Amino acid sequence: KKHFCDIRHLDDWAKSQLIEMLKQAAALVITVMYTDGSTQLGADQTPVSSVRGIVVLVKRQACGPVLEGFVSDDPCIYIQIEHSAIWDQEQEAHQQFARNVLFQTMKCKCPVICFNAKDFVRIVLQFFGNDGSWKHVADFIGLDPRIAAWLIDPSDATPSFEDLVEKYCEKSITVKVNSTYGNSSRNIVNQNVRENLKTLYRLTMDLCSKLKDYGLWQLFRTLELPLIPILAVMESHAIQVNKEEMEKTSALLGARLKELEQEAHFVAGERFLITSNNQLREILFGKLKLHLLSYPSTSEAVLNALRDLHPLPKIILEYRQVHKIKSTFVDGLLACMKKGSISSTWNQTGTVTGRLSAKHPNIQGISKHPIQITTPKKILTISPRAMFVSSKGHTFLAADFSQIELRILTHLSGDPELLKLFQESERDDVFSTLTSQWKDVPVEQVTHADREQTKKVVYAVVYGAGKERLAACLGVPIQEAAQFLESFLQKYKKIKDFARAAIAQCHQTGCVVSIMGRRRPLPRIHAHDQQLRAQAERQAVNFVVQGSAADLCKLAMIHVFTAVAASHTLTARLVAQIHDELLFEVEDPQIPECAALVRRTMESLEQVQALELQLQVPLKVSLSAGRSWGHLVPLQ
DNA sequence: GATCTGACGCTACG
DNA sequence: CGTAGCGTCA
Ligand code: NA
């Protein structure tokens, strides 16, 4: 009533007073209101409606009486986002004051609490439009209770606001988040918005307290929170793709698919669903009985084992590959398109490993290596990453963390031989020197295939699981791969020692911790079932490495983003992050100056205090550049 | 009839 | 190990 005001209808003196209130505010509590009107506080993942406006609660306390006279205390202000039916000058004015207020929200010195902060920051960033760049939201820090709850319990599915209230909030606080226009009135909706914003503040404070109790607070403030505006920028941008070339490629792969289907039907001597694993299993073992020769599944390991026994496995392999490419990396990528470009949706709450996840399309899972197709009705090379092209004039600048998992494992284990390997620098093709040291065969004899074996051999180690894939990915029988693994294991003892320490810690504390303090509770480490316990054990050792590497990647992301954020020259925009790799879109003449800053910043992550972290191994960064994500020539 | 849906296989990425 | 996404089938 007097607690809720549309800022468009304020008198100008009241507008100025409002700006000053925002500057002097103790805290700001924010939520997005949709056209329902519902909020982020209600229960939907998708609100199935457009953003209408933004509601901000301005808290004068977290000293003395205050009478503004144009509002009560503490007031809720409403900022219209959604465009009117007709654009005119008054809309321009409204937009001007709105932009001023929202920016005041972005740069204010008080705590800002928002349930989903990335959404808010994205909305605001798009609302600025031409009046603002991505660097305006760069310094924003929202307090996101969902990210807090995630840091505490990363396993649990992403809870609603109400769930978080019933869980971390004490006590007997009941909220009504489900009001909309038409199930209720405007006054009910608004009243509930105000009350629930207060509750949201309370909850956020409690969750901060908990984060301090579990020792997650420094991680929260410094890693997760500053990452929020960075995801919003990436979602606001778009990467241009080629619709035509993709349609052609789609048609071609369709043709080849038809060919392989006909072949498969021919050599199995029956007509069966080519995309059915059940039928293929029945065929492979049911009839041909290839397993008795020299039921098991249809996985690539099995099929690579049988490749010499019969034609069908090789056919199924090629078909599976081509079908994957066409279907996910061409046809599915066209469905994500808007206006000739695509933009992935990022999720910070996605994993238990602390890694980011991406959607629509999944840009982290796009095949790195191009494939070859025996063109049906010349050879044909197909690179899905070549479909991603930079704007003009602009060019992609990639920064990779070289052997990051291996270096993390070296740090954690402290193995003398690996540490000796990395601290002679660069002398890279580190996997070659590793092959030589491991296999005791001197350096030159080491070939590219041995480098590959070494890398596969490593990754299989760091990640695990293991004998089976290693074999499938390496192109060698399972037993040979397992032998390689065991050799590698007794060559470096401190790795087994490290895993053993990690499992012991997991049994002791009931949960395992990464480098920067990210925690992975694993209650099944205390389980009586042996496969569950052994699973938990397998999960801990993985979480240490994967979690640590995720921490480092996020940290690099933040530091580079911040470095470019304050530069009066560089316009370089962070486009994507695929795990170990950062993908930037940089204006051409800025390439040399930008690559320098990126390299220098990421390599400076070896020692960053606080965080406490210091590394026993230096971080080598590999820079690349090119007009297409598919073709990137090495740089420097 | 005709679609649809939850549960599982497979394997790209790291 | 653990993400997304595309595919069956009862
Ligand atoms: Na008006």
# chains A, B, ... in the order shown; residues from 1 in each chain; ligands from 1

$ residues_around --residues "residue 11 (chain B)" --least-positions-apart "5" --cutoff "9 Å" --atoms "only C-alpha atoms (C1' of nucleotides)" --output "ChimeraX atom specification"
/A:299-300,321,324

$ write_last_selection --atoms "N, CA and C atoms" --output "compact mmCIF listing (two decimals), in the first residue's frame"
# COMPACT_ATOMS: atom_id res chain seq x y z
N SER A 299 28.31 -51.91 -25.56
CA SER A 299 29.23 -50.78 -25.39
C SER A 299 30.48 -50.91 -26.26
N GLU A 300 31.13 -49.77 -26.53
CA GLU A 300 32.25 -49.69 -27.47
C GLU A 300 33.41 -50.64 -27.14
N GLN A 321 28.72 -43.46 -34.32
CA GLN A 321 29.49 -42.22 -34.40
C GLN A 321 28.79 -41.18 -35.27
N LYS A 324 25.57 -39.94 -33.89
CA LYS A 324 25.79 -39.01 -32.79
C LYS A 324 26.08 -37.61 -33.34

$ interface_residues --of "chain B" --to "chain A" --cutoff "10 Å" --atoms "only C-alpha atoms (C1' of nucleotides)" --output "count of residues only"
6

$ select_by_dssp --residues "region 79-270 of chain A" --states "strand (DSSP E or B)" --output "list in words"
residues 79, 80, 112, 113, 114, 142, 143, 181, 184, 239, 240 and 241 of chain A

$ atom_distance --atom1 "CA of residue 259 (chain A)" --atom2 "CA of residue 333 (chain A)"
23.5 Å

$ atom_distance --atom1 "CA of residue 82 (chain A)" --atom2 "CA of residue 576 (chain A)"
28.3 Å

$ residues_near_ligand --ligand "ligand 1" --cutoff "12 Å" --atoms "only C-alpha atoms (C1' of nucleotides) and all ligand atoms" --output "list in words"
residues 6, 7, 8, 9, 10, 80, 84, 86, 87, 88, 89, 90, 91, 92, 93, 94 and 95 of chain A

$ closest_atom_pairs --of "chain C" --to "chain A" --cutoff "7 Å" --atoms "only C-alpha atoms (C1' of nucleotides)" --output "tab-separated table"
residue	atom	partner	partner_atom	distance
C:1	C1'	A:463	CA	5.9
C:3	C1'	A:357	CA	6.4
C:4	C1'	A:362	CA	6.0
C:6	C1'	A:328	CA	6.9
C:7	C1'	A:275	CA	6.5
C:8	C1'	A:276	CA	5.7

$ atom_distance --atom1 "CA of residue 483 (chain A)" --atom2 "CA of residue 549 (chain A)"
27.3 Å

$ select_by_dssp --residues "region 199-305 of chain A" --states "alpha helix (DSSP H)" --output "count of residues only"
68

$ residues_around --residues "residue 141 (chain A)" --least-positions-apart "4" --cutoff "8 Å" --atoms "only C-alpha atoms (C1' of nucleotides)" --output "list in words"
residues 111, 112, 225, 226, 228 and 229 of chain A

$ residues_around --residues "region 595-607 of chain A" --least-positions-apart "4" --cutoff "10 Å" --atoms "only C-alpha atoms (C1' of nucleotides)" --output "MDAnalysis selection string"
chainID A and resid 397:401 552:553 555:564 570 572 582 584 586 590:591 611:625 635:636

$ decode --residues "chain B" --atoms "C-alpha atoms (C1' of nucleotides)" --output "PDB file, in the first residue's frame"
ATOM      1  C1'  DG B   1      -7.202 -46.726 -32.560  1.00  0.00           C
ATOM      2  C1'  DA B   2      -2.810 -42.947 -31.687  1.00  0.00           C
ATOM      3  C1'  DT B   3       0.632 -40.571 -28.990  1.00  0.00           C
ATOM      4  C1'  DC B   4       2.896 -40.105 -24.794  1.00  0.00           C
ATOM      5  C1'  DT B   5       5.987 -41.063 -20.614  1.00  0.00           C
ATOM      6  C1'  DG B   6       9.495 -42.828 -17.101  1.00  0.00           C
ATOM      7  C1'  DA B   7      13.445 -45.795 -16.956  1.00  0.00           C
ATOM      8  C1'  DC B   8      17.475 -47.310 -18.797  1.00  0.00           C
ATOM      9  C1'  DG B   9      21.841 -47.632 -22.847  1.00  0.00           C
ATOM     10  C1'  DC B  10      25.323 -45.396 -25.133  1.00  0.00           C
ATOM     11  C1'  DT B  11      29.479 -41.866 -25.435  1.00  0.00           C
ATOM     12  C1'  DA B  12      30.522 -37.145 -26.590  1.00  0.00           C
ATOM     13  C1'  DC B  13      33.053 -33.768 -23.309  1.00  0.00           C
ATOM     14  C1'  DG B  14      36.570 -33.292 -19.259  1.00  0.00           C
TER      15       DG B  14
END
